[PDB]
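First the structure, in the form of structure tokens, and then the observations on it.
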Protein chains: 4
Amino acid sequence: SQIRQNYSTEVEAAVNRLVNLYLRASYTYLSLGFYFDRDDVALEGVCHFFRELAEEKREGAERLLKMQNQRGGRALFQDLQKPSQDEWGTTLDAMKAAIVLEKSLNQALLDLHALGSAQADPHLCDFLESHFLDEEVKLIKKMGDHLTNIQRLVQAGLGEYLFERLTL
Amino acid sequence: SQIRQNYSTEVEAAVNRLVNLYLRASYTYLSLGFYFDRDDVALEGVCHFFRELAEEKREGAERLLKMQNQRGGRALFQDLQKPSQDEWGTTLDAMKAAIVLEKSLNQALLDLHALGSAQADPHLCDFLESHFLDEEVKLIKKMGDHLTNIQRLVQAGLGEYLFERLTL
Amino acid sequence: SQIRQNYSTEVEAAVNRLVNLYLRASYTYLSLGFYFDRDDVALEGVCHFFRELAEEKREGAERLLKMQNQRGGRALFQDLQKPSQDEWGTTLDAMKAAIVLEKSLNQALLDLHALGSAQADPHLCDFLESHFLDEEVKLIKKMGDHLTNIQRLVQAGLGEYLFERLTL
Amino acid sequence: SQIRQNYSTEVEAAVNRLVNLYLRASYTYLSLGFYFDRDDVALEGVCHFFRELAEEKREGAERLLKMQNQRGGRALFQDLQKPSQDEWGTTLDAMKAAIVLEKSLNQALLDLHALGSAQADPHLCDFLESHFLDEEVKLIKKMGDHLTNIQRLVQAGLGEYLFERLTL
Ligand SMILES: CCc1cccc(CC)c1O
Ligand SMILES: CCc1cccc(CC)c1O
């Protein structure tokens, strides 16, 4: 590549893996969103919360792909595994599954930053710090806050309704 | 009729029956609306939800009558049977009765579409698809969502109040 | 399902398969878009054309999922197969691959409409006609027009540049 | 210096060298710009592209000098070597020379970031990441894209004209 400079094959490969993780997270949230739109679940604020996360994770993957090209790396796509569940249980179950998911993405970001640091690739390090690391910390904080309020509320049916109406 | 073309006596008669069904549905919802306005029931969001449905079903009947004339059919009116109940119980009872009602109207629409298909009357088929079939599916989806949230909420008095205040 | 009416298990299953086909088409176009953003390919109008198609096909899948829930069907997601190519060749190769893809989606839509017709499901028939069948015919017409102009232009390098600058 | 803190003599000296490299790059682009304004070359979009780069590299040097003073370092200026060529050949030759130049500046930035990291000078590391490293990666990506389109176009005279008219 005529433009490629200081960009290791190890980072290029890890960026392609992180793209797959973000697209898989987007797919998981798409499934979560539509589950809460079911007529027998019917929590529209929960549906909107997850649908908006599907969109954020998709945008995250496209920013990584744009960066891959900016550095002269080559995008390589793999299958997207279907989400781990077909039905997601209560808002509480779903928010616990969402935090598990986000912590895995954050750990993948931290591993990639560690690789870029070892490879002495400061553009990559800065890119992650600028667009991903702080967004994940803020999102995990918000989910943890939601989890705490959901738990304080669970008359489990009444608590689920009020959280969706008054917080989401 | 100088204008009548491809419009069978069977469809003309079924359209007149469907007009009666819609006017009867309007009347049912008028009764439901005023029941929830009773000082000893007093759920104003429920009253408004049903009153607005009375108006939609009346408009539905007038659109069918306009179509009957546009095709050269002849409107024939019958008695409107009084609604099946004088008192409608809880919001839950009422919303279950409303979904029963809407499913009967949807089944009458589907039967009429089947008749128009058999009679090779595409204007009729399109008319139903354009103005009625999707509106019924959306309305039944909304009622099913309401029923699910009402059920999750029923401290039955508190649940009824909160649904009327926070959803309707 | 309390709301489900006239919605066959065969249509429900075929809608879930069509969702997977649209998401796979979105993924293919995402790959096509980023290939044309490569520094050694560098045709930005081509990249934008495919990126915008990725977004349309994703929206198509979400409209199908919303309809599945509106009818009381249950969304079931499968793996998304990676796109069939890692590198897409010239604009001409890519536009030929895009038309192949769109014709497969159109054929899946026509098969689903045939199933809904056989199952006497007019809401489904109308839904496809309203949101999908005409959009596909218009898109295939546009791609065929692009293919004809690309072919008339291929001094193959000069022709590729001018098409991207003056048409896209 | 009353304000100097954690700022090593090695970084201070390297910043002064990087100022000289940026001013020399500005001078090179000034020469490139005016060459394309020659009546016997006459590619005004190329001239404007390089003139605007002369201005960016000059601004880059002034930002480094402002930072040198903010840290309590002392600016020391050296001769600016004249650009390496008096005539720059075709747009293609010139864009290849520009990418060579930018890669040398990027490598000097990466070396300075490595020095700041070794010296445990995070303000310097952040300063480079914030104002220089991403700008260079974006500029090198853009030049690589231009180089690819120039090459696809070279009827070498016609290709040069069309690139200047339709891209620049
Ligand atoms: C944002 C929803 C979504 C999920 C999974 C895969 C794709 C392909 C672009 C997608 O758009
Ligand atoms: C922006 C053009 C330019 C080139 C080289 C040197 C100087 C001195 C400021 C200059 O302004």
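By convention here, the chains of the structure tokens are called A, B, ... in the order presented, each chain's residues are numbered starting at 1, and ligands are numbered starting at 1 in the order presented.
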**Request:** Could you please extract the residues within 6 Å of ligand 1, counting only C-alpha atoms and all ligand atoms, and hand them back as a PyMOL selection string?
**Result:** (chain A and resi 23+26-27+30+54-55+58) or (chain C and resi 23+26-27+58)
**Item:** Selection within 12 Å of ligand 2 by only C-alpha atoms and all ligand atoms, output as a count of residues only
**Value:** 36
With a distance threshold of 8 Å and counting only C-alpha atoms, extract the residues of chain A near chain D and express them as an mmCIF file with N, CA, C and O atoms, in the first residue's frame.
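Listing of selection.cif after writing:
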```
data_model
loop_
_atom_site.group_PDB
_atom_site.id
_atom_site.type_symbol
_atom_site.label_atom_id
_atom_site.label_comp_id
_atom_site.auth_asym_id
_atom_site.auth_seq_id
_atom_site.Cartn_x
_atom_site.Cartn_y
_atom_site.Cartn_z
ATOM 1 N N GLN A 2 0.619 2.175 -0.982
ATOM 2 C CA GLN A 2 1.419 3.383 -1.167
ATOM 3 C C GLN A 2 1.265 4.300 0.039
ATOM 4 O O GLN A 2 2.152 5.086 0.321
ATOM 5 N N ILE A 3 0.185 4.190 0.801
ATOM 6 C CA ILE A 3 0.012 5.123 1.903
ATOM 7 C C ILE A 3 0.403 4.529 3.290
ATOM 8 O O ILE A 3 0.545 5.255 4.247
ATOM 9 N N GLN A 5 1.834 3.289 6.600
ATOM 10 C CA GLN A 5 3.048 3.734 7.346
ATOM 11 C C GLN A 5 2.841 3.479 8.808
ATOM 12 O O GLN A 5 1.862 3.975 9.402
ATOM 13 N N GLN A 70 -8.133 4.459 5.869
ATOM 14 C CA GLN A 70 -7.300 5.688 5.988
ATOM 15 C C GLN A 70 -5.858 5.297 6.232
ATOM 16 O O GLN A 70 -4.957 6.000 5.778
ATOM 17 N N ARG A 71 -5.647 4.175 6.930
ATOM 18 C CA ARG A 71 -4.292 3.700 7.237
ATOM 19 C C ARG A 71 -3.707 2.790 6.185
ATOM 20 O O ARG A 71 -2.543 2.401 6.275
ATOM 21 N N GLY A 72 -4.472 2.460 5.156
ATOM 22 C CA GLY A 72 -3.973 1.520 4.158
ATOM 23 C C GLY A 72 -4.110 0.061 4.511
ATOM 24 O O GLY A 72 -3.531 -0.801 3.846
ATOM 25 N N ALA A 120 3.884 0.572 19.033
ATOM 26 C CA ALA A 120 4.222 2.039 18.922
ATOM 27 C C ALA A 120 3.426 2.709 17.765
ATOM 28 O O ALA A 120 3.985 3.341 16.849
ATOM 29 N N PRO A 122 0.840 5.388 17.658
ATOM 30 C CA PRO A 122 0.050 6.396 18.392
ATOM 31 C C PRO A 122 -1.194 6.878 17.681
ATOM 32 O O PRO A 122 -2.121 7.324 18.359
ATOM 33 N N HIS A 123 -1.217 6.866 16.347
ATOM 34 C CA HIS A 123 -2.471 7.288 15.679
ATOM 35 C C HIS A 123 -3.608 6.362 16.120
ATOM 36 O O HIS A 123 -4.740 6.834 16.412
ATOM 37 N N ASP A 126 -4.644 7.009 19.777
ATOM 38 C CA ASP A 126 -5.460 8.214 19.890
ATOM 39 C C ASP A 126 -6.873 8.059 19.315
ATOM 40 O O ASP A 126 -7.849 8.592 19.857
#
```
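Nearest-residue note for residue A:104: choosing from A:154, A:118, A:41, A:18, the minimum distance belongs to A:18, counting only C-alpha atoms.
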**Which of stretch 20-109 of chain A DSSP labels helix (DSSP H, G or I), written as an MDAnalysis selection string** = chainID A and resid 20:36 44:70 91:109
